[PDB]
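Below: one structure, written as structure tokens.
Which chain is which? They are A, B, C, D and E, in the order written, and residues in each are numbered from 1.
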Amino acid sequence: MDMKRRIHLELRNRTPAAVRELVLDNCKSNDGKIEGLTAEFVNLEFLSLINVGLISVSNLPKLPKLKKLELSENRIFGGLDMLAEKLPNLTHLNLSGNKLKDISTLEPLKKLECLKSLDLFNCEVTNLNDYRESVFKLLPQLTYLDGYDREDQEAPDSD
Amino acid sequence: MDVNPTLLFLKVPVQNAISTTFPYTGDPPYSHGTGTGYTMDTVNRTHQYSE
Amino acid sequence: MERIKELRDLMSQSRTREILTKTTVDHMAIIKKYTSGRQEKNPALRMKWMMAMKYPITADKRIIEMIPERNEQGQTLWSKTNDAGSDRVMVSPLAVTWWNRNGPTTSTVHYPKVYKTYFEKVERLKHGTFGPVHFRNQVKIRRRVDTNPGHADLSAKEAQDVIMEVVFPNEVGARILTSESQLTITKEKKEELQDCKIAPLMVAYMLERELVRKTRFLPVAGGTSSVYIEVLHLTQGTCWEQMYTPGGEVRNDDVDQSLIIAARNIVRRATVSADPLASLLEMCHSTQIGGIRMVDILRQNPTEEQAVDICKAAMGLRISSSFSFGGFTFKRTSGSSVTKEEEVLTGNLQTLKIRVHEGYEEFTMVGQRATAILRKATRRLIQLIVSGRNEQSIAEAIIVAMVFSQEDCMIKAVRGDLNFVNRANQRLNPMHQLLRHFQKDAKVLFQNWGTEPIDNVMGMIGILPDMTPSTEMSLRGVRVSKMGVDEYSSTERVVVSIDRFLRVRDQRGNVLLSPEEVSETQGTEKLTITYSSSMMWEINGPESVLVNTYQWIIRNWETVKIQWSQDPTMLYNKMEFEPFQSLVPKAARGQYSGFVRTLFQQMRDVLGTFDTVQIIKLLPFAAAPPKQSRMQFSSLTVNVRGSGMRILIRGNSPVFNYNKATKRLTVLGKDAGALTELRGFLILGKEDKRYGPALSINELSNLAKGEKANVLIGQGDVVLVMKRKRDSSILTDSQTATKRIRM
Amino acid sequence: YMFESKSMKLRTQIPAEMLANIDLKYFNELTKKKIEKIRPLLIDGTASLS
Amino acid sequence: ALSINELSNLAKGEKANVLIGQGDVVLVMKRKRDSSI
């Protein structure tokens, strides 16, 4: 079941304007891009693209209200500049298990105003020295990187 | 960053930070050269240089 | 179309019509054995004769259209002779090689999985490790060991039900359709063998070869595993041992120990009850070890442990005549005995009552790390021969025999007070009290036993009281044996009467397994044990209580949901949640409950918030006299073994996590079950034309919850069938009708 | 020297005193050359080192 | 008792016991009002 199918399977005869949390993981990508979602999704605030073979997020929809996006287990190697404009209100991003290999790749996220968490587990960029410090200086608004704030104090629950 | 301690020599002369290049302060836990092979080789070398 | 013509012409002659009409489908296998011919004596000679002539091997009349009569050199591959009487044309073995060379290719992806029981051997040897050959004089005991690794611990009868459901779905019988035991293997194999064209009969044979266990009573000299016995020819020899290690995978024998633990708990809580038999039977038919009903496990496994033995005996199952004492099972070979409880005085002049076993008898004392043969008369240790590995095992066997020697020397040699209690603080058997009293030290008892000379007959090292070798001086009647002592090849299964106090006597009157010699340990089972009685949940500790509560809520999800959405007050005060409320802190049962109750109300008010997982997680906290407080809890505490665990309202936690991408819920690591965020039919009568022509067992998939259709059940007869309403099981409901009359 | 047979799982030792007669097939090429070159100097198990 | 690392999960007004020191346990109540310089 590719995205276009499961989306409708998850649409559940409920109009796109009335979805607030959509879960689409392990499904597929057309070739390496999200296909099936459309801008009519306006009430969505939790999209989970986990394990969907995804080579980029170029053709992502426009979700004003998105706040909890997660692209873990995919193979994004850049092109995150789109997420800034297309998800102005995103405040919880989960890029774990992807193919990011440089701090430069995370430069585009600097212009997201309301960012609160960035999970970056199992990514080749996490093997660097002064990794967390460099990330926290490139993304000053961040207050939880990988789960801990600044002194390795776990992020409080109920987020 | 990828830490490269040798790059420290770009700022401090080598003789100032020469201690950096000495790996061990103590007898290592391994035997470097010994046994019948390294003795026969020494005998052969000594005779070769005077053949 | 041709087969029906064959049947018609068979019935035309009025001599086979008798056989074809009067022989019920039951009496077909006994007709199938009226073969003709004389088979063949000396088949090797016949083969050497056949291969000399041409056209030895018969083949069906299809080669003609797919194998040329002559290869590219003019050699007749096949002939036209119709061996004996049949359509099979004779063929020369050149045809086999012609097929293997210029033949129709194919894709073989179903072979490495249909023949798993051989490729497993291949991949297990391919990764084996070899060690140096040691030429020590090998001692080879004669153990009975498993010779089928990965047998999937099925019997020889339920394997047939698996085969009939994987390879012959349209010939399944009534005993399967009108059931609720689907098994897991039958859903994996059905998926794997979905398009196999191999050989339905061969697929069945391979499946029953893979899904059965066998034993051989082989001369083993180490290892004893299920995988070390296939390579016995490679590992051990008459004078050599080639150290070796199969490199495949092993079986986890955890179901057996879980069964042992469940049997122990059930027997305790049934004997501490008013009517032990009813409790035992109801628990067996209701309790489940890792999902499977305990009755199926008891009728499936061969495990031989005391508690399981009593559980089987109370269920009218044959139990081994051998009795287990001190970890060694004692198979009687000869003699008779009588318990004859008599009185004695211990070393400290303490009165004691012990069953003086009166009568001369010989036992084989087989054990895990030692073996022995012990023949004794009343208070007379006539002879004890021991063997095993190291002197520790030899000493263990010797002391076990000495304790069960009926000699008063051990009784009078006691040092201390023989007042021993178990984990349950109960009065153990005085002989058993002696057993544990002496299990640690017996030096003074060895000195009392003394030492006598030995004549060095055939080579038999004697054992000194210091547990050391001696070629001349050895303990009394104790003769450590070299060249090993062989075990037995039979168990002599018998039915034994059970008294009302969990003492398994027999028709002869000798106790085999007293209930007091069962509390060896009370560790934690690896699987999950589920009980159908709210009282039982508070037996194995907080972990079991939580797991059973959540599994019960899952079991009855539809009823819980309807009652929660319609009559919440009744649901919030059921009995099943009283054990759970024992864990919750006393000073917070109310404040918690209200918070849940109010929150639950929020789900009934606004639609779209009906979260199954949240409701199941938070429901057990509702049962309480709820209070009111503005506090908005984030996590609710629970007391487990004195530690405060926490259950998260919104999210997952160790006490409760429902894994997404799957329907499985886990509580404290222990598996709870499946939560949803063919079979089950009932026969009604013979053919009824009002419902139209008969169906096949496949088409029955297209029926409603109560629609009636007539199907061709099994091999032959057609029976009207209908889907079932209500679970309709054999749980306590059947017991109630039977136990109520037993008043 | 120490000889190891990995097909028989054997670990034997050859004392230096036997280097004057042992067949020169077990050793590798470099050790074989060393032994061959030093053999003329072997007296009573030692090796002259003037 | 709750380890001092776990009491951070208590909600406002909750009360529980914590191992606050050497073999010592005390009852702690979370302040609804949060004060800070």
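Note that a residue touches a chain if its C-beta (ideal position, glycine included) is under 8 Å from a C-beta of that chain, and two chains touch if they have at least 3 such contacts.
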Each chain counted as touching chain A and chain E at once: C
Which of B-D and C-D has more C-beta pairs touching across its chains: B-D
Rounded Å distance between chain C and chain E, as computed from the means of their C-alpha atoms: 50
Between chain E and chain B, distance of the C-alpha-averaged centres to the nearest whole Å: 59
Chain centre separation in whole Å, for chain D relative to chain A (CA means): 68
In chain A, residues with contacts to at least two other chains: 157
Chain C, residues touching no fewer than two other chains: 634-635
Shared-contact residues (touching 2 or more other chains) in chain B: none
Chain D residues touching chain B - in the complex, by the definition given at the top: 1, 16, 19, 31, 34-35, 37-38, 41, 47, 49
In the complex with chain C, residue positions of chain A that touch it: 25-26, 157-158
Of chain C, residues touching chain D in the complex: 130-133
Footprint of chain D on chain B - complex, ascending: 36-37, 40-41, 43-44, 46-47
Touch list for chain C against partner chain A, complex: 634-635, 648, 650-651, 661
